[PDB]
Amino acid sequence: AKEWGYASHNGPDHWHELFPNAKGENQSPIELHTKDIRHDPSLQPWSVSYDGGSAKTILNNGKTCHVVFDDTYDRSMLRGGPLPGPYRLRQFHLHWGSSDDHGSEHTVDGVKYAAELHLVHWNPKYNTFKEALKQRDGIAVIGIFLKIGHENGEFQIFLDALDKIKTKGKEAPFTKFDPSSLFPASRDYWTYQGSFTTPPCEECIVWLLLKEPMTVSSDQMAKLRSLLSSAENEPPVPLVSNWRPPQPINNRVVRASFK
């Protein structure tokens, strides 16, 4: 089946061998150059209504750790911004690096953070997460950068569950958790259209990148890259890094919601 990873043989540069989309015009991530970004005053603020009761499970597919929500009906919503309507929250996951100096996927003015958080939502108008993947506005992603600093007690809630899913395939119950408690003070954002940063890299993403990072400690970052990519019974391979290099911007325009 689909065979990819982040190693030198199944890494980012070889993905296009098994997945064609990896060569489209609208791939992510990209690098943000504020000098080229104008403030679009037509952009409205965004808002969420998360039902912490919609959290179901936490799993380690060996590529990253996810947190799945019940998106079979309107429970945890995201609305506003450049969104044609409200979207359902499906899940979140992290990309990180080997050290605190790098790790994010998007970079601003040449600056890379320690990690990047992705909250994936989809448009109910398209009936079906699978069917939404076929539309340029099927998915909506909140992107949160992570910088090192004081320890985040909110984010810590989530980390205490990692133990239960150390290896690939693991999966455990994870309920009553509202990811909005991680959002930073400011809600100002960049926005552009792109794709998934993992195969099959569908170009169905409207991106909402926050200008302000959430802060976390190194102890917490360390915990994150202590997860294993190998299966429960296999030579333990640490999950060191799962970020994709920045792709070509092409003719895309990245709009700002702030001045």
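Numbering starts at 1 and runs along the sequence shown.
Between the stretches 82-90 and 127-135, it is 127-135 that shows the larger average CA temperature factor.
If you average the C-alpha B-factors over 37-45 and over 205-213, the higher value belongs to 37-45.
Taking the PDB entry at face value, the top CA B factor among 188, 105, 160, 71 belongs to 160. Per the deposited record, the Cα B-factor of residue 220 falls in the middle third when ranked against the other modelled residues of its chain.
Compared with the other modelled residues of the chain, the Cα B-factor recorded for residue 181 ranks in the middle third. Compared with the other modelled residues of the chain, the Cα B-factor recorded for residue 1 ranks in the highest third. When all modelled residues of the chain are sorted by CA temperature factor, residue 142 is found within the lowest third.
Annotation for residue 256: CA B-factor lies in the lowest third of the chain's modelled residues.
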